Asker: 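Here it is: the structure, laid out below.
Computed over heavy atoms, backbone and side chain alike; hydrogens, waters and symmetry mates excluded. Below, chain A is the first sequence line, B the second, and so on; all start at residue 1.
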Amino acid sequence: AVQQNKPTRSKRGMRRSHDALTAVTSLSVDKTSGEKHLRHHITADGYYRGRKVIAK
Amino acid sequence: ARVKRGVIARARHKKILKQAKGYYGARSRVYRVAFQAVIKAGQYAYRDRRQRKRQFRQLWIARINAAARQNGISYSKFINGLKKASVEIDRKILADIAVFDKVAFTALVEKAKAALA
Amino acid sequence: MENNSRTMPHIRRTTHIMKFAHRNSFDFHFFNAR
Amino acid sequence: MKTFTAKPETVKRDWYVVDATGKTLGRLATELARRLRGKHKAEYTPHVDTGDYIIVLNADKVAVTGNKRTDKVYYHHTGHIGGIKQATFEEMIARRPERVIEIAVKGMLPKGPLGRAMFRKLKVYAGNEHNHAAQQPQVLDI
Amino acid sequence: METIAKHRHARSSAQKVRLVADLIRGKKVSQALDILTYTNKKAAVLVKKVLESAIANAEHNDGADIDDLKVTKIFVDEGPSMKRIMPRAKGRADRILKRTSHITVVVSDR
Amino acid sequence: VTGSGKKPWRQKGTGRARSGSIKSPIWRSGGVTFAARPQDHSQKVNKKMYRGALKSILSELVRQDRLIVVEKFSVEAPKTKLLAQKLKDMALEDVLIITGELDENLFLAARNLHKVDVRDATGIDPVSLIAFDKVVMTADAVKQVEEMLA
RNA sequence: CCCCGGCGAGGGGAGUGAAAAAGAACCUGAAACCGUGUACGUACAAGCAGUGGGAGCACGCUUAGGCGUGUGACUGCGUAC
RNA sequence: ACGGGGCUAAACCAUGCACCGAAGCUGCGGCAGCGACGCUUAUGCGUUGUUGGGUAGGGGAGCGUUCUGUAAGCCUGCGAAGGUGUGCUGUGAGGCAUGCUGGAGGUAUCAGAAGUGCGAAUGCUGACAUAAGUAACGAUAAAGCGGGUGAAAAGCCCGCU
Ligand SMILES: NCCC[C@H](N)C(=O)O
Ligand SMILES: [K+]
Ligand SMILES: [K+]
Ligand SMILES: [K+]
Ligand SMILES: [K+]
Ligand SMILES: [K+]
Ligand SMILES: [K+]
Ligand SMILES: [K+]
Ligand SMILES: [K+]
Ligand SMILES: [Mg+2]
Ligand SMILES: [Mg+2]
Ligand SMILES: [Mg+2]
Ligand SMILES: [Mg+2]
Ligand SMILES: [Mg+2]
Ligand SMILES: [Mg+2]
Ligand SMILES: [Mg+2]
Ligand SMILES: [Mg+2]
Ligand SMILES: [Mg+2]
Ligand SMILES: [Mg+2]
Ligand SMILES: [Mg+2]
Ligand SMILES: [Mg+2]
Ligand SMILES: [Mg+2]
Ligand SMILES: [Mg+2]
Ligand SMILES: [Mg+2]
Ligand SMILES: [Mg+2]
Ligand SMILES: [Mg+2]
Ligand SMILES: [Mg+2]
Ligand SMILES: [Mg+2]
Ligand SMILES: [Mg+2]
Ligand SMILES: [Mg+2]
Ligand SMILES: [Mg+2]
Ligand SMILES: [Mg+2]
Ligand SMILES: [Mg+2]
Ligand SMILES: [Mg+2]
Ligand SMILES: [Mg+2]
Ligand SMILES: [Mg+2]
Ligand SMILES: [Mg+2]
Ligand SMILES: [Mg+2]
Ligand SMILES: [Mg+2]
Ligand SMILES: [Mg+2]
Ligand SMILES: [Mg+2]
Ligand SMILES: [Mg+2]
Ligand SMILES: [Mg+2]
Ligand SMILES: [Mg+2]
């Protein structure tokens with residue numbers, strides 16, 4: 001099965017009206033480093049919720 | 001004597017696509033679709049120069065009929081009374097007085113009622 | 001034979017692709033208007 | 001000179017109340033369709049709604065002639081297969097009497113977005129009472 | 001003062017980069033760097049290096065300050081496509097397009 | 001066109017417009033449909049039409065004051081500077097010189113002047129009698145044209 | 001030569017030049033096609049998408065007003081080559 | 001099985017007067033063809049009658065493009081051709097002027113010669129769309145972790161399973 005007519009650039013942009021990305025709103029600040037991180041994730045320097053959890 | 005067609009064919013295509021502005025989709029971009037749409041727009045315009053005269057007389061008569069019934073007479077008796085009273089005002093002007101000068105329209109109705117009675 | 005194809009130089013006989021009676025899944029019951 | 005065109009922001013609409021007791025259905029509906037369209041005004045424009053607001057009282061007491069109280073049949077389809085449904089005039093009066101005048105006027109109005117906006121000015125009531133006293137409707141003895 | 005950085009012939013399609021560039025349009029550049037850090041896209045790595053290079057262009061070549069900058073324009077254009085050949089069944093040959101993009105990031109304090 | 005007479009693909013089946021030759025004029029690098037040959041563009045003029053046209057051209061040169069008749073038209077040395085000086089003294093710049101039979105000094109002295117043609121009475125032609133502004137004939141050459149034109 | 005970048009790719013300055021939007025993917029740089037910005041329209045509305053009529057809005061004018069440009073609510077007619 | 005709403009006439013028959021209704025006819029303005037008569041033409045103007053839907057097809061008159069002569073002329077770095085807008089103009093094919101771009105060619109007039117005009121041919125070549133960020137990523141023998149290197153390691157190196 002294939003199209004009988006070429007769909008337009010209008011119809012193509014209507015289908016892509018749900019393809020947009022969601023930006024993350026939730027950057028937490030760790031309470032002893034001051035570093036930003038995702039919620040319930042560790043920091044880049046290896047802290048989580050105030051303590052050094054990974055010695056990396 | 002070899003003739004290249006680049007300059008002449010480009011000017012001919014650009015002339016059609018200038019007349020196809022405001023049209024939807026490929027009708028304003030693509031020459032095969034735009035040329036076809038400019039011809040149909042010219043057939044409609046030729047036909048509607050005749051239809052414009054029909055639609056305005058239709059609008060004048062409907063307005064004369066409404067303002068004459070405000071004075072107790074229909075359209076078909078008001079036209080017959082004005083022809084009997086030798087009044088030669090056309091339907092464009094009658095429908096214009098019926099909107100903008102309502103007591104001058106009342107004077108024409110009383111003239112038409114007198115010629116019928 | 002198609003001897004100087006520039007889009008498909010690797011193949012010379014291509015009618016087994018698009019002609020319906022020359023495909024491997026052609027059945028002669030499709031030709032029942034006899 | 002170009003012919004006058006009514007402008008929809010400065011059009012004057014007025015309010016009327018009509019009593020449908022003992023009126024013939026279609027002969028009442030033709031006059032309601034004129035005034036919702038604005039055919040009775042000299043400022044009539046075919047693309048502008050220049051009509052009036054009309055309240056219709058006592059829709060359950062409208063009259064038909066002949067044997068049409070038992071023989072006039074209203075049909076509709078539901079969109080599901082085998083879904084043709086019918087109702088006589090007597091059943092439309094007993095169940096939902098305002099629809100009888102609303103269906104009759106809707107067929108006499110133009111079809112399109114302007115005719116649907118002309119229909120919105122019709123207010124039909126089954127009884128002798130309306131609650132539009134703040135708009136001060138004029139009695140239209142039609 | 002307006003400041004441009006560009007990545008021309010970036011190896012990805014323009015439709016994929018434009019999803020990421022619409023995230024940071026109009027934003028302050030400190031906010032826009034954080035959005036790109038936690039976006040799990042390959043195009044978010046590409047757009048971040050052009051935004052970082054536009055910030056450094058504006059403070060070195062124009063003497064601007066980093067806390068004032070905003071992303072005022074951002075747009076992706078299509079680049080040249082590379083033509084590859086993909087074999088299919090029964091001797092068929094398809095053409096693959098490998099699409100590229102031109103990323104343009106524009107920063108200004110005004 | 002260089003190329004073979006092989007049919008490029010088969011007649012039926014491939015789903016594509018039929019072909020018979022790679023050298024077809026529809027195709028890129030094909031032949032020219034009505035390709036040209038070397039041809040001879042010369043026309044025939046009747047003898048009485050040619051001589052009748054020269055008399056009309058000569059009569060207009062008298063009528064439009066474009067004909068000049070002289071006893072002698074010679075230069076003394078084959079020097080271009082002499083003829084340019086001589087024509088300056090007659091207010092002639094674009095001029096055709098027709099003489100009885102042609103002098104060797106005058107032929108060499110006019111070879112570098114692009115506005116000056118120097119001819120004998122035999123080698124005249126209808127276009128040069130119109131293309132030049134003034135025509136200077138010697139009295140010996142005027143009589144030779146009449147025997148030429150009966 | 002300086003800066004961002006992986007001692008990248010690519011870019012921003014600086015400099016050469018009449019010109020660098022002549023930068024080596026290089027004279028001119030059309031069209032299909034794809035974007036960013038702005039004005040107006042568009043979420044009760046049915047069809048070759050125009051045409052005839054026509055409100056409102058925006059920007060220009062120039063005035064004791066109503067013209068120009070863009071858009072086109074609503075409405076008559078209208079089944080491509 | 002009235003086009004619909006609806007209609008006891010808004011149906012049918014008979015008579016009568018109004019009105020609506022087409023690109024038909026009339027009014028006003030304009031263009032052209034063919035006759036007839038003339039301010040007199042030199043082949044054009046004036047008056048008048050009439051005509052002007054059109055396929056196959058026949059007849060008549062033109063526009064524009066490249067090239068040759070006129071042209072060792074004319075225009076042009078104080079900006080040519082080409083590209084892109086705007087304005088004016090002709091019954092039409094078209095023409096003229098000018099802003100921006102471009103950076104060195106262009107060409108009146110009257111004649112001459114044609115590779116002289118494209119939307120169609122499942123036309124030919126190049127470029128770019130659509131489906132669509134969809135199907136698929138090539139044997140269902142299978143991977144897990146620690147360390148190293150690196151801008152970055154599920155896939156590389158080392159080790160143990
Ligand atoms: N003799 C074998 C030739 C194979 C060729 N590539 C073909 O497609 O015919
Ligand atoms: K050969
Ligand atoms: K250039
Ligand atoms: K373009
Ligand atoms: K319309
Ligand atoms: K120019
Ligand atoms: K074609
Ligand atoms: K796609
Ligand atoms: K596999
Ligand atoms: Mg091979
Ligand atoms: Mg395969
Ligand atoms: Mg194979
Ligand atoms: Mg096919
Ligand atoms: Mg050739
Ligand atoms: Mg001979
Ligand atoms: Mg010479
Ligand atoms: Mg300069
Ligand atoms: Mg420079
Ligand atoms: Mg040059
Ligand atoms: Mg270029
Ligand atoms: Mg361009
Ligand atoms: Mg709405
Ligand atoms: Mg609804
Ligand atoms: Mg009917
Ligand atoms: Mg009449
Ligand atoms: Mg008419
Ligand atoms: Mg008519
Ligand atoms: Mg007529
Ligand atoms: Mg005709
Ligand atoms: Mg020439
Ligand atoms: Mg030219
Ligand atoms: Mg220009
Ligand atoms: Mg040709
Ligand atoms: Mg073409
Ligand atoms: Mg054709
Ligand atoms: Mg190419
Ligand atoms: Mg190519
Ligand atoms: Mg494709
Ligand atoms: Mg799908
Ligand atoms: Mg799926
Ligand atoms: Mg899958
Ligand atoms: Mg595999
Ligand atoms: Mg593992
Ligand atoms: Mg590991």
Asker: Among the nucleotides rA31(G), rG6(H), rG10(G), which one has an atom lying closest to any side-chain atom of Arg10(B)?
Answerer: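 Selected nucleotide: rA31(G).
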
Asker: Using atom P in both nucleotides, what's the gap between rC27(G) and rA20(G) to the nearest angstrom?
Answerer: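 Looking at atom P only, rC27(G) and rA20(G) are 15 Å apart.
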
Asker: If the sugar-phosphate is the primed atoms plus P, OP1 and OP2 and the base is the rest, what is the B/S/- string for nucleotides 117-132 of chain H, using protein heavy atoms under 4.0 Å?
Answerer: SBBSBBBSS--SBBSS

Asker: Taking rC67(G) as the reference, what is the distance to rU51(H) when you measure between their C1' atoms (whole Å, please)?
Answerer: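 44 Å, rounded to whole Å.
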
Asker: Select from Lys68(D) and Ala36(F) the residue whose nearest nucleotide in RNA chain H is closer to the 5' end of that strand.
Answerer: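 It is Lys68(D) whose nearest nucleotide is closer to the 5' end.
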
Asker: What do you reckon, do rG69(H) and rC110(H) form a Watson-Crick or wobble pair with both distances under 3.5 Å?
Answerer: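 When the criterion is applied, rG69(H) and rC110(H) count as a base pair.
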
Asker: Can you tell me if the sugar in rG119(H) is north or south, using the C1'-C2'-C3'-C4' torsion?
Answerer: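 By the sign criterion, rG119(H) is south.
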
Asker: Is the aromatic ring of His47(D) within stacking range of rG54(G), meaning centres under 5.5 angstrom and planes under 30 degrees?
Answerer: no

Asker: NA contact type, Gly112(D), heavy-atom cut-off 4.0 Å: base, sugar-phosphate, or nothing?
Answerer: sugar-phosphate

Asker: Are the six-membered base rings of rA135(H) and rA136(H) centred less than 5.5 Å apart, with their planes inclined by less than 30 degrees?
Answerer: yes

Asker: Have a look at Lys15(B) and say if it touches a base, only the backbone sugar-phosphate, or nothing, with a 4.0 Å heavy-atom cut-off.
Answerer: sugar-phosphate

Asker: With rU107(H) and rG73(H), is there a Watson-Crick or G-U wobble pair, both distances less than 3.5 Å?
Answerer: yes

Asker: What do you reckon, do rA114(H) and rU65(H) form a Watson-Crick or wobble pair with both distances under 3.5 Å?
Answerer: yes

Asker: Reckon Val45(E) touches a base, only the sugar-phosphate, or nothing at all at heavy-atom distances under 4.0 Å?
Answerer: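 If one applies the 4.0 Å heavy-atom cut-off, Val45(E) turns out to touch nothing in the nucleic acid.
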
Asker: With heavy atoms under 4.0 Å as the rule, sort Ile103(D) into base, sugar-phosphate or nothing.
Answerer: sugar-phosphate

